[PDB]
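A quick write-up on the structure given underneath.
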Amino acid sequence: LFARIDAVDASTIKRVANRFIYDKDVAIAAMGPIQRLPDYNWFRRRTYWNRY
Amino acid sequence: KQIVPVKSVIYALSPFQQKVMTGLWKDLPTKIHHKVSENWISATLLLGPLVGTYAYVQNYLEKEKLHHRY
């Protein structure tokens with residue numbers, strides 16, 4: 001388990017995040033005074049950067 | 001200028017999980033039925049005066065043309 005854990009480096013983290021996070025679909029569940037929480041398109045757009 | 005919360009529950013779907021341009025031509029005959037049935041009064045009021053005035057003007061012009069044409 002320790003070998004598997006410390007076999008994770010920065011490049012591995014980037015590759016896994018690009019596999020799971022970059023431009024994927026989020027699922028939001030909210031309750032309460034959420035009248036100021038941004039809508040779905042906001043999060044879906046925030047899942048990627050246009051600078052890079 | 002404040003927001004008035006309503007206590008709703010809203011289910012929404014991703015824009016990439018549902019087709020986009022099919023709803024334009026889906027159920028077209030009923031759409032045209034609505035557009036014509038709920039608006040024929042308005043079209044009559046908008047166009048009737050115009051076509052009536054045009055017909056009156058053409059009638060008057062032709063009658064004067066014949067009368068004055070010796």
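Simple scheme: letters A, B, ... for chains in structure tokens order, numbers from 1 for residues in each chain, numbers from 1 for ligands in the order shown.
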
Q.
Residues of chain A within 10 Å of chain B, counting only C-alpha atoms, what are they? List them as number ranges by chain.
A. A: 25-36, 39-41, 44

Using the selection just defined, write its residues with N, CA and C atoms as a PDB file, in the first residue's frame.
ATOM      1  N   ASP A  25     -18.535  16.228 -16.502  1.00  0.00           N
ATOM      2  CA  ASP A  25     -19.845  16.685 -16.063  1.00  0.00           C
ATOM      3  C   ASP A  25     -19.966  16.542 -14.553  1.00  0.00           C
ATOM      4  N   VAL A  26     -20.372  17.617 -13.898  1.00  0.00           N
ATOM      5  CA  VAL A  26     -20.543  17.624 -12.459  1.00  0.00           C
ATOM      6  C   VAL A  26     -21.990  17.285 -12.125  1.00  0.00           C
ATOM      7  N   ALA A  27     -22.210  16.841 -10.892  1.00  0.00           N
ATOM      8  CA  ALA A  27     -23.546  16.614 -10.363  1.00  0.00           C
ATOM      9  C   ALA A  27     -23.659  17.364  -9.049  1.00  0.00           C
ATOM     10  N   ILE A  28     -24.569  18.330  -8.988  1.00  0.00           N
ATOM     11  CA  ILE A  28     -24.678  19.241  -7.856  1.00  0.00           C
ATOM     12  C   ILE A  28     -25.938  18.909  -7.078  1.00  0.00           C
ATOM     13  N   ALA A  29     -25.824  18.866  -5.757  1.00  0.00           N
ATOM     14  CA  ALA A  29     -26.978  18.715  -4.880  1.00  0.00           C
ATOM     15  C   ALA A  29     -26.879  19.762  -3.787  1.00  0.00           C
ATOM     16  N   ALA A  30     -27.837  20.679  -3.740  1.00  0.00           N
ATOM     17  CA  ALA A  30     -27.775  21.793  -2.809  1.00  0.00           C
ATOM     18  C   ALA A  30     -29.113  21.973  -2.115  1.00  0.00           C
ATOM     19  N   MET A  31     -29.075  22.477  -0.883  1.00  0.00           N
ATOM     20  CA  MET A  31     -30.294  22.952  -0.249  1.00  0.00           C
ATOM     21  C   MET A  31     -29.983  24.083   0.712  1.00  0.00           C
ATOM     22  N   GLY A  32     -31.031  24.842   1.021  1.00  0.00           N
ATOM     23  CA  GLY A  32     -30.939  25.968   1.914  1.00  0.00           C
ATOM     24  C   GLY A  32     -31.095  27.273   1.169  1.00  0.00           C
ATOM     25  N   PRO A  33     -30.656  28.364   1.770  1.00  0.00           N
ATOM     26  CA  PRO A  33     -30.662  29.642   1.055  1.00  0.00           C
ATOM     27  C   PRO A  33     -29.616  29.677  -0.046  1.00  0.00           C
ATOM     28  N   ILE A  34     -29.851  28.923  -1.113  1.00  0.00           N
ATOM     29  CA  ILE A  34     -28.888  28.779  -2.191  1.00  0.00           C
ATOM     30  C   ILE A  34     -29.213  29.708  -3.362  1.00  0.00           C
ATOM     31  N   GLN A  35     -29.973  30.773  -3.121  1.00  0.00           N
ATOM     32  CA  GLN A  35     -30.337  31.663  -4.213  1.00  0.00           C
ATOM     33  C   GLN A  35     -29.149  32.423  -4.774  1.00  0.00           C
ATOM     34  N   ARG A  36     -27.971  32.302  -4.172  1.00  0.00           N
ATOM     35  CA  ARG A  36     -26.764  32.920  -4.690  1.00  0.00           C
ATOM     36  C   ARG A  36     -25.752  31.905  -5.198  1.00  0.00           C
ATOM     37  N   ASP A  39     -25.254  28.571 -11.112  1.00  0.00           N
ATOM     38  CA  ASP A  39     -26.016  27.521 -11.765  1.00  0.00           C
ATOM     39  C   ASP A  39     -25.088  26.505 -12.422  1.00  0.00           C
ATOM     40  N   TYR A  40     -25.691  25.533 -13.109  1.00  0.00           N
ATOM     41  CA  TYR A  40     -24.932  24.398 -13.628  1.00  0.00           C
ATOM     42  C   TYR A  40     -23.903  24.826 -14.662  1.00  0.00           C
ATOM     43  N   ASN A  41     -24.284  25.723 -15.573  1.00  0.00           N
ATOM     44  CA  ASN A  41     -23.361  26.150 -16.616  1.00  0.00           C
ATOM     45  C   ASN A  41     -22.105  26.768 -16.026  1.00  0.00           C
ATOM     46  N   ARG A  44     -19.862  23.874 -14.867  1.00  0.00           N
ATOM     47  CA  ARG A  44     -19.434  23.130 -16.042  1.00  0.00           C
ATOM     48  C   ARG A  44     -18.392  23.898 -16.837  1.00  0.00           C
TER      49      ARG A  44
END

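A straight line drawn from atom CA of residue 22 of chain A to atom CA of residue 10 of chain A is 15.8 Å long.
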
(Q) Could you go through chain B and tell me which residues DSSP, when run on the backbone, assigns to alpha helix (DSSP H), listing them as a PyMOL selection string? (A) chain B and resi 22-25+28-37+40-68

(Q) So that I can see what lies close to residue 50 of chain A, please list as a PyMOL selection string the residues with an atom at most 12 Å from it, counting only C-alpha atoms and leaving out residues fewer than 4 positions away in the same chain. (A) chain A and resi 22-23+45-46

Please write the residues from the selection above to a file, keeping N, CA and C atoms, as a PDB file, in the first residue's frame.
ATOM      1  N   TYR A  22     -10.853  17.176 -15.915  1.00  0.00           N
ATOM      2  CA  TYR A  22     -10.796  18.122 -17.021  1.00  0.00           C
ATOM      3  C   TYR A  22     -11.985  17.974 -17.955  1.00  0.00           C
ATOM      4  N   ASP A  23     -12.889  18.952 -17.925  1.00  0.00           N
ATOM      5  CA  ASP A  23     -14.005  19.033 -18.862  1.00  0.00           C
ATOM      6  C   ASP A  23     -14.921  17.817 -18.750  1.00  0.00           C
ATOM      7  N   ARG A  45     -18.478  25.227 -16.853  1.00  0.00           N
ATOM      8  CA  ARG A  45     -17.441  26.013 -17.504  1.00  0.00           C
ATOM      9  C   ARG A  45     -16.184  26.092 -16.653  1.00  0.00           C
ATOM     10  N   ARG A  46     -16.336  26.151 -15.331  1.00  0.00           N
ATOM     11  CA  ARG A  46     -15.162  26.222 -14.471  1.00  0.00           C
ATOM     12  C   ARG A  46     -14.361  24.933 -14.458  1.00  0.00           C
TER      13      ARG A  46
END

Q. Could you work out how far atom CA of residue 58 of chain B lies from atom CA of residue 40 of chain B, giving the answer in Å with one decimal?
A. 25.8 Å
